[PDB]
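One structure below.
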Amino acid sequence: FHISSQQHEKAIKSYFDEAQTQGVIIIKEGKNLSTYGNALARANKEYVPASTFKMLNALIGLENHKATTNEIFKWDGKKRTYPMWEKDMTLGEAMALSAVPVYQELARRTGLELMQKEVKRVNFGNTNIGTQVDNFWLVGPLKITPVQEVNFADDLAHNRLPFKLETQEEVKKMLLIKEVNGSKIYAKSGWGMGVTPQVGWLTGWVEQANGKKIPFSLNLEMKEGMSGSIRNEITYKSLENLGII
Ligand SMILES: *C(=O)/C=C/N[C@@H](C(=O)O)[C@](C)(Cn1ccnn1)[SH](=O)=O
């Protein structure tokens with residue numbers, strides 16, 4: 001449609017301005033990184049990964065036989081943050097619901113020693129998990145930049161992470177969040193509420209009908225009374241604006 005670069009940049013900036021926050025979205029086409037939004041310097045700043053870490057948590061647990069994809073993690077009957085989490089679920093269902101307690105159980109099964117060795121082997125973010133195996137991705141000290149998140153998504157989309165092909169495919173199946181005219185969007189959201197300022201993520205890739213995979217990572221400041229779906233809305237509008245979906 002012969003739209004200028006300046007127009008795409010202004011349009012995507014306006015999506016973040018209109019949400020009254022500050023954020024970036026990084027897109028990778030082949031080997032080229034493009035950064036859009038209203039706070040471009042966020043691209044190389046470190047933030048806690050929050051629930052985006054569930055992707056790597058699942059890879060590590062499955063690869064090291066701490067769970068299977070069919071295993072049901074039973075609700076223990078204790079009050080959880082959301083009623084929707086007060087049920088028995090597989091890793092895949094827990095992924096879609098972002099169910100922290102299930103992923104905490106998986107991290108505890110893995111254990112601190114194996115988790116640190118695996119996070120190092122994958123070279124995820126600053127690779128530091130500290131000494132608490134069940135919350136390091138929520139409150140620190142683990143941190144990652146939006147550029148590193150988009151590169152992680154690109155490696156996963158292409159089966160390039162240091163895990164069996166089968167492990168990567170099993171986790172990818174858990175991440176399908178939308179279909180749009182022959183395009184499929186795979187992504188994981190994150191919301192770091194236990195850090196200030198709060199951080200929101202949506203990191204994934206578009207698989208186009210022709211098979212091409214386009215990784216992205218949205219990163220923004222979450223604020224009071226903001227809905228979680230703003231992450232999806234900004235991401236989808238940006239991807240549509242760029243003709244990616
Ligand atoms: C993944 O990003 C899950 C985040 N869960 C948050 C939330 O949903 O608000 C809680 C509060 C856990 N969390 C995030 C940061 N510090 N704690 S929820 O699981 O109780």
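In what follows, residues are counted from 1 in the order of the sequence shown. Both counts, for ligands and for their atoms, begin at 1 and track the order of listing.
- Ring orientation note: the planes of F53 and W137 are close to parallel, at an angle under 30° on the 30°/60° scale.
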Ignoring hydrogens and angles, write down the donor-acceptor pairs under 3.5 Å from the side chains of residues 116-125, residues two or more places apart or on other chains.
from	atom 1	to	atom 2	distance (Å)
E118	OE1	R121	NE	2.7
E118	OE1	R121	NH2	3.1
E118	OE2	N64	ND2	3.1
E118	OE2	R121	NH2	2.9
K120	NZ	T127	O	3.3
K120	NZ	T127	OG1	3.3
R121	NH1	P162	O	2.8
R121	NH2	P162	O	3.3

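- For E29 and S34, the side-chain atoms include no donor-acceptor pair closer than 3.5 Å.
- For the 3.5 Å distance criterion, the side chains of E9 and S5 qualify, holding a donor opposite an acceptor.
- Taking the side chain to side chain contact (heavy atoms under 4.5 Å, CB included) definition, one finds that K237 meets it with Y15, sequence neighbours left out.
- Partners of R80 by side chain to side chain contact (heavy atoms under 4.5 Å, CB included), not counting sequence neighbours, listed by chain and number: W75, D76, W85, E86, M89, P101, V102.
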Please tabulate, one line per pair, the protein N or O atoms found under 3.5 Å from any N or O atom of ligand 1, giving the distance to one decimal.
from	atom 1	to	atom 2	distance (Å)
ligand 1	2 (O)	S51	N	2.8
ligand 1	2 (O)	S51	OG	2.2
ligand 1	2 (O)	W191	N	2.9
ligand 1	8 (O)	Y82	OH	3.0
ligand 1	16 (N)	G194	N	3.3
ligand 1	20 (O)	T81	OG1	2.7

